[PDB]
Amino acid sequence: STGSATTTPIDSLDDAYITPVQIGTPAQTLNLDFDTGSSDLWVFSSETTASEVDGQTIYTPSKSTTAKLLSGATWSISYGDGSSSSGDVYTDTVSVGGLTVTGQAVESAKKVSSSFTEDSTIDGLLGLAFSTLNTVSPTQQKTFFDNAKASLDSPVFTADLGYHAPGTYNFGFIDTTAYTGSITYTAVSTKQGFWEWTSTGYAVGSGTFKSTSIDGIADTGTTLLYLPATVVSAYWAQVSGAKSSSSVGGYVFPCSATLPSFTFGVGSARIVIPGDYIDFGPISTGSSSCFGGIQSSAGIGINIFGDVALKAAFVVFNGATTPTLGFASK
Ligand SMILES: NC[C@@H](O)c1ccc(Br)cc1
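Per the entry's author numbering: the sequence shown ends with 330, consecutive numbering throughout.
Dropping the structure here:
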């Protein structure tokens, strides 16, 4: 089997992407944030505290003939940005772009933190990291990808995120028309539950490539590109007026600036992030200070190849027995 679904930015900055997902029988369609940095499929639901729901579409398991309470199971998750959610668990039929999994754990939120409530466009998350990170207790549950894997034509999914435009998540096949050149594959460590890999270096604009190992995770659920302070300082030093602002919480730059591109290494290959991808616009409405799309990972404990990086590439998440990551230009 295979599946193919369009993923759409939630706003004009590409802060996140939502993908329609069918849950239950008859189908209830929710728009979920596919997150290669976590492993829970959770949704706003009929059980979510009413004051914490504001415009989201909810899953109502009592209206699904295939929903079953997973007795005794609870979940609770905290994300890198400080947001959180928790609740109980059903199993139900879940389909993405034509690919159906039966008995998928669908984690129903009883509580969500304010940042979820405040974002009307995201009805929940669909985790695509390794199932070892799933938070369901006392019986850990599998991700949608893990459940689908044996059925898939090939045990892979691909992320093809757009810049200020829709893109595609495919399951079970590699669309050879969706990228240019060849896909370069690189080793993955699953030891921490993430799609963790090592970039071979970087360049800023038309500068020389610096060969240096940068360990990081491929994370579709993180907006920005978080890299070591040395690398980030080298980048922003090429933008007149750029500075790290403790008040704003990172690098800002004059909105009048042109940004240089940023290149990262994948083995001997190179992925070029155009300068415009690194512009996240005014820090507040009407400001002439703009927020940078490349920020320091110092104090995160790991580097994060988030959407800013991933959307410059066609990315293969290969879940074969020995997982790997593939990157192509597009
Ligand atoms: N996208 C999931 C989010 O919780 C996350 C943020 C940062 C890191 Br490191 C891992 C995961």
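We treat Cβ as the ideally placed atom computed from N, Cα and C, and that holds for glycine.
Is residue i near ligand 1, going by C-beta to nearest heavy atom under 7 Å?
| i | result |
| --- | --- |
| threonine 223 | no |
| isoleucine 300 | yes |
| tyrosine 79 | yes |
| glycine 37 | yes |
| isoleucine 304 | yes |
| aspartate 219 | yes |
Which value, in whole angstroms, describes the spacing of the CA atoms of residue i and residue j?
| i | j | result |
| --- | --- | --- |
| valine 94 | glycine 241 | 49 Å |
| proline 61 | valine 43 | 11 Å |
| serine 189 | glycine 286 | 43 Å |
| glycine 221 | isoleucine 304 | 10 Å |
| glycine 306 | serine 199 | 13 Å |
| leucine 30 | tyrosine 90 | 16 Å |
| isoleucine 302 | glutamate 107 | 27 Å |
| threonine 7 | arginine 270 | 25 Å |
| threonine 100 | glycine 207 | 47 Å |
| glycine 80 | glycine 37 | 9 Å |
| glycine 216 | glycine 250 | 19 Å |
| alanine 16 | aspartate 160 | 13 Å |
| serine 64 | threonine 74 | 20 Å |
| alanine 234 | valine 204 | 8 Å |
| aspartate 123 | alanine 105 | 16 Å |
| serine 45 | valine 112 | 11 Å |
| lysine 330 | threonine 321 | 27 Å |
| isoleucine 23 | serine 296 | 38 Å |
| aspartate 35 | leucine 41 | 9 Å |
Give me, in chain order, the residues of the same chain whose beta-carbon lies closer than 6 Å to that of residue i; leave out the 5 immediate sequence neighbours on both sides.
| i | result |
| --- | --- |
| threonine 186 | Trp197, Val266, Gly267 and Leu325 |
| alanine 298 | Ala229 |
| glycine 98 | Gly3 |
| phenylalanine 130 | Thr190 and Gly193 |
| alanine 257 | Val239 |
Tell me the DSSP secondary structure of residue i in three-state form.
| i | result |
| --- | --- |
| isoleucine 278 | helix |
| residue 338 | Outside the shown range of the chain, which is 1 to 330, sits residue 338, and nothing can be said about it. |
| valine 308 | helix |
| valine 231 | helix |
| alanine 129 | coil |
| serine 115 | helix |
| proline 61 | helix |
| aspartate 146 | helix |
| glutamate 47 | coil |
| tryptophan 236 | helix |
For residue i, I'd like the list of residues in its chain whose CB is within less than 8 Å of its CB, leaving aside the five on either flank, ordered along the chain.
| i | result |
| --- | --- |
| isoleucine 273 | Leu225, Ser261, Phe262, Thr263, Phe264, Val308, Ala309 and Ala312 |
| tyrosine 277 | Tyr163, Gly293, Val308, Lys311 and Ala312 |
| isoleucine 300 | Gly80 and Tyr226 |
At a cut-off of 7 Å, is residue i close to ligand 2 when judged by its beta-carbon and the heavy atoms of the ligand?
| i | result |
| --- | --- |
| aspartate 14 | This structure simply doesn't include ligand 2; it includes ligand 1 instead. |
Which residues in the same chain as residue i place their Cβ atom closer than 7 Å to its Cβ, once the five residues preceding and following it in sequence are excluded?
| i | result |
| --- | --- |
| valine 316 | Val156, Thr158, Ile174, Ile183, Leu325 and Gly326 |
| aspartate 146 | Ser131 |
| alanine 148 | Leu99, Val101 and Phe171 |
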